[PDB]
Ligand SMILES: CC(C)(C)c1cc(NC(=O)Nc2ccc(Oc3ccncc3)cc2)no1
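Take a look at this single chain, the form solved without this ligand, given in structure tokens.
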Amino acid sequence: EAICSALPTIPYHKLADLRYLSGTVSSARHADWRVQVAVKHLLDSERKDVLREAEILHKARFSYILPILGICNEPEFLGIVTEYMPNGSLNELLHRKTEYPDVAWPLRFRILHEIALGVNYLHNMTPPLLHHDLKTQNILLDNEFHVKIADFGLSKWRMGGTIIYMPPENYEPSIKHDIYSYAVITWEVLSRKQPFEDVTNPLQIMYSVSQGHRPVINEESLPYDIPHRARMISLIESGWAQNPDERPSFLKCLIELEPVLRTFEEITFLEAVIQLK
């Protein structure tokens, strides 16, 4: 009853129509399976990183985590093969305003709920998996804009880039990191703004955050028509609290979100999606 599943090995010649996108991410189609897939692909110890990530994704399978379809492991080529995500990332949805002038509230709330469901699952694994690199860029959107959490490069078992989602206690090297990033994401989702807009240098962000400053909360950033505004602001504020001991577990955060999500009729989620490009 120690039931085990093995991650399939995919021969490079099976990845037909390799095309560059944005590690290096490429799209392909599996020759036998007949599905479009995504491939993430020099060195000798950078191999251990890729295998480690592929193992994490394979072990963390869940409804809101990016599904891994297999590993392409050869002398010639090394890659992680995952389901293709046609709608990109949450970053693109919130910030490409001419492509997406309207992102209805029900869908924004659904995304916020699913992100939390995914991280909660990771934290409940045995032993707990901490993501440690959550950002709008790493929340992928499937064909119907359901969430798939990706990029397990910095993830850790509990046994240089953008710093806007990083809790201050991390600038001078915790189970309370993900919730902090989640709070910033929530603010970003509800405002459609870039956290710390007017800041020209990332060291100014790091300094400000270390002194307890946070993305701005007022009528311009978070308009009064936001459903359940006061309740969302409390969640955001508790999530990015300076003292990490005062930040909530994902359990508590889900218990708070559940009644908020019940106020949206199911069909409103579908209608929010159809309205998109």
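We call the rigid core the largest set of C-alpha positions that still match within 1.5 Å between the two forms. Numbers follow the displayed sequence, beginning with 1.
Do the Cα atoms of 207-215 or those of 48-56 sit farther, on average, from the shown form in 5 other deposited structures of this protein after fitting on the core?
Clearly, after the core fit, the stretch farther away in 5 other deposited structures of this protein is 48-56.
Between 57-65 and 23-31, larger RMS Cα displacement in 5 other deposited structures of this protein after core fit
Per-stretch check in 5 other deposited structures of this protein: the more divergent one is 23-31.
Using a one-third cut-off over the other compared PDB entries, is residue 150 one of the residues left without coordinates?
Counting only entries that model residues on both sides, residue 150 is resolved in every one of them.
Check this for me: in at least a third of the other entries compared, is residue 37 absent while its neighbours are modelled?
Result for residue 37: never missing in the compared entries.
Going by the PDB record, how many residues of the deposited sequence fall between residue 159 and residue 160 without any coordinates: none, 1 to 3, 4 to 9, or 10 or more?
Count of unmodelled residues in between: 10 or more.
Unmodelled residues of the deposited sequence between residue 41 and residue 42: none, 1 to 3, 4 to 9, or 10 or more?
The entry has 4 to 9 unmodelled residues between residue 41 and residue 42.
Looking at the entry, does 70-78 or 148-156 show the higher mean C-alpha B-factor?
Result of the comparison: 70-78.
Do the CA atoms of 124-132 or those of 175-183 have the higher mean B-factor in the entry?
The deposited B-factors put 124-132 ahead on the C-alpha mean.
In this PDB entry, which of 252, 48, 61, 231 has the top CA B-factor?
Most elevated C-alpha B-factor of the set, per the entry: 48.
Hey, out of 242, 27, 221, 208, whose CA B-factor is highest in the deposited coordinates?
In this record, 27 carries the highest C-alpha B-factor of the candidates.
CA B-factor placement of residue 85, once the chain's modelled residues are sorted into thirds
For residue 85, whose C-alpha B-factor we compare with every modelled residue in the chain, the answer is the middle third.
Per the entry's values, where does residue 2 land by CA temperature factor relative to the rest of its chain, in the lowest, middle or highest third?
Its C-alpha B-factor belongs to the highest third of this chain's values.
Residue 197 CA temperature factor, ranked by third within the chain
Its C-alpha B-factor, which the entry lists for residue 197, ranks in the highest third among residues of this chain.
From this point on, the text means the form deposited with this ligand bound, which you will not see here.
Quick check: superpose the C-alphas round the site, drop in this ligand from its position in the deposited complex, and tell me whether this chain leaves it open or blocked (blocked if 3+ atoms sit within 2.4 Å of backbone or C-beta).
Check flagged, pocket reads blocked.
Which listed residue (60, 241, 226, 233) meets the criterion of a heavy atom within 4.5 Å of this ligand in the deposited complex?
Residue within 4.5 Å of the partner: 60.
Of 255, 267, 16, 25, which residue is found within 4.5 angstroms of this ligand in the deposited complex when only non-hydrogen atoms are counted?
Exactly one residue meets the criterion: 25.
For the chain shown here without its partner, which stretch in 205-213, 218-226, 244-252, 48-56 has non-hydrogen atoms within 4.5 angstroms of this ligand in the deposited complex?
Heavy atoms within 4.5 Å of this ligand in the deposited complex occur in 48-56.
Quick check on residue 83: any heavy atom within 4.5 Å of this ligand in the deposited complex?
Output for residue 83 is yes: heavy atoms within 4.5 Å of this ligand.
Does residue 199 reach this ligand in the deposited complex if we count a contact as any heavy atom within 4.5 Å?
Judged by the heavy-atom cut-off of 4.5 Å, residue 199 is well away from this ligand in the deposited complex.
Indicate whether this ligand has at least one heavy atom within 4.5 Å of a heavy atom of residue 166 in the deposited complex.
No, residue 166 stays farther than 4.5 Å from this ligand in the deposited complex.
Does residue 180 make contact with this ligand in the deposited complex, using a 4.5 Å heavy atom cut-off?
Judged by the heavy-atom cut-off of 4.5 Å, residue 180 is well away from this ligand in the deposited complex.
For the stretch 126-150, I need every residue with any heavy atom inside 4.5 Å of this ligand in the deposited complex, listed N to C.
Those in contact are 129, 131, 140, 149, 150.
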